[PDB]
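J.: Here it is: the structure, laid out below.
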Amino acid sequence: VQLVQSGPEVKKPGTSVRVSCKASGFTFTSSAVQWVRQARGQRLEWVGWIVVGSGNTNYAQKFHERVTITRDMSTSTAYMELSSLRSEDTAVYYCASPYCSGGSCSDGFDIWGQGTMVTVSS
Amino acid sequence: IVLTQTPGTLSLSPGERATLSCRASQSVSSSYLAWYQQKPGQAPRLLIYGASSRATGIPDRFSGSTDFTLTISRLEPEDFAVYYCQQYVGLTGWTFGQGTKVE
Amino acid sequence: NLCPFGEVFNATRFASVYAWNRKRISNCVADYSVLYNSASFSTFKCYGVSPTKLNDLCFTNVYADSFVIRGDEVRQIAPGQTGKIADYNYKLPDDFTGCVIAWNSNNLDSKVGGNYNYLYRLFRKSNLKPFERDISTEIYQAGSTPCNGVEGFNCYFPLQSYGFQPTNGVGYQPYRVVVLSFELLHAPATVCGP
Ligand SMILES: *[C@@H]1O[C@H](CO)[C@@H](O[C@@H]2O[C@H](CO)[C@@H](O)[C@H](O)[C@H]2NC(C)=O)[C@H](O)[C@H]1NC(C)=O
């Protein structure tokens, strides 16, 4: 039971970044994935979440306009893309999900990815 | 919503007990509030969910409870970490508190 | 006195798969050869019966269970299968007898911008029994906490729509599916071929 996150990224200001998390060991298709980001030395900020089965998404108002979360059942993978990157966006992004087995899921986000640094720079 | 997490820093030696406080700006369902522990350099893990229930793997050193707290019955060297509260109420507007650093 | 297949196959609207429309056919002549040799179907698969001998075997009832699903899911409408449709919307028994008929209706059902009037069940507490029709809209509780009518974490609306669009690849195009279930009971056997 793990959630394995993609590697680090370096992007220019104004471009988009694609980050993803591949689930294994649990019923990914019955779970939900939330994304948060953390600047170094700062608090966790919530970005948004997706219900894996439904494909339904909700986003924090701060990023809403430029953030999209999707998923693909065939690879048990959740994806997030943040458009129009700003220098201030530099942060470590994390993904998390509840543990699901059969028809039952846990009541909180027990499974966390490792975190990927995304750098916005010249 | 705004979750106010206090103290900024809690200084307390090992072997002692501590209480961390996350104050909601409104009444919220206890069922959707949770506490996380982030050992620096690592992704956070769930400790308490539903305000009072222990997450799997959480020892009796910890327990749960607008005023939500994390109860630490006793501190061991590995229990010194930044603790965060999270609110899952509704479909959107989920938030985290500032995080309490316990030393 | 022919059976009203036109009312099933040439219907303006089809039911969502989560709430399939069961039409009972009785006391009539079922000219099955019209359907079989129409060559307008992409799928015509018979179980327990030979597709060219359908006229000779009489049944107590014929049930036409009509619904819309997407192409990739057509393979789930079969006995012994599992999956989102096979388990949560419409399940056939392992000993199912009858024929599964389906055709590509992309140019009829897809809309510009997406036709979202067709729904299927994603979340259910358990799998369906054969021919069970569950049309409840109660919020699914994935966790141990009651939803109390409110959607949120671990609280999901059980149904989701199909995004049927004119630009979809075949696997995502809509198909109209009619399953003709052949039931033989202690009965006079009223439906036969010509
Ligand atoms: C649905 O309607 C179509 C159109 O009327 C029917 O197809 C016709 O059937 C007659 C009789 O065999 C043929 O002479 C026509 O050439 C067919 N037209 C087309 C376009 O195929 C069809 O049989 C009807 N379906 C059912 C179940 O009655």
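To match Swiss-Prot, the residue numbers of chain C are left as they are there, and the shown ones run 334-527.
Method reported for this entry: electron microscopy, 3.7 Å.
Placement of Cβ uses the backbone N, Cα and C atoms for every residue, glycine included.
As listed in Swiss-Prot for this protein:
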DOMAIN    C:334-527  domain 'BetaCoV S1-CTD'
DISULFID  C:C336-C:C361  disulfide bond
CARBOHYD  C:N343  N-linked glycosylation site
DISULFID  C:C379-C:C432  disulfide bond
DISULFID  C:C391-C:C525  disulfide bond
REGION    C:437-508  region 'Receptor-binding motif'
REGION    C:448-456  region 'Immunodominant HLA epitope recognized by the CD8+'
REGION    C:455-490  region 'Disordered'
DISULFID  C:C480-C:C488  disulfide bond
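What's the neighbourhood like for each of these?
T.: Within the same chain, residues at least 6 positions away in sequence whose Cβ sits under 8 Å from that of C:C361 (disulfide bond) are C:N334, C:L335, C:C336, C:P337, C:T523, C:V524.
In this chain, none of the residues that are 6 or more apart from C:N343 (N-linked glycosylation site) has a CB less than 8 Å from its CB.
Under a cutoff of 8 A between CB atoms, and with a sequence separation of 6+ in the same chain, the neighbours of C:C379 (disulfide bond) are C:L387, C:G431, C:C432, C:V433. C:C379 (disulfide bond) falls within a strand when secondary structure is assigned with DSSP.
According to DSSP, C:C391 (disulfide bond) is assigned to coil rather than to any helix or strand. For C:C391 (disulfide bond), other Cβ atoms within 10 Å of its Cβ number 15.
Residue counts for the region 'Immunodominant HLA epitope recognized by the CD8+' (C:448-456) under DSSP, helix first, then strand, then coil, are 0 helix, 4 strand, 5 coil.
Distant neighbours of the region 'Disordered' (C:455-490): 351-353, 355, 398, 415, 417, 420-426, 429, 514; these residues of the same chain sit at least 6 beyond its ends, with a Cβ under 8 Å from one of its Cβ atoms.
Residues within less than 8 Å, Cβ to Cβ, of C:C488 (disulfide bond) and separated from it by at least 6 positions along the same chain comprise C:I472, C:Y473, C:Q474, C:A475, C:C480.
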J.: For ligand 1, pick out the disulfide-bonded residues C:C391, C:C432, C:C480 that have a CB under 6 angstroms away from one of its atoms.
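T.: Within range of ligand 1: none.
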J.: Which entry in the list of disulfide-bonded residues, C:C336, C:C432, C:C480, has its Cβ near the fewest other Cβ atoms, using 10 Å as the limit?
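T.: Fewest other Cβ atoms within 10 Å, among the disulfide-bonded residues C:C336, C:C432, C:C480, is found for C:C480.
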J.: By DSSP, how many residues in the region 'Receptor-binding motif' (C:437-508) are helix, how many strand, and how many coil?
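T.: Output for the region 'Receptor-binding motif' (C:437-508) reads 7 helix, 16 strand, 49 coil.
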J.: Please report the three-state DSSP label of C:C432 (disulfide bond).
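T.: SS state of C:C432 (disulfide bond) = strand.
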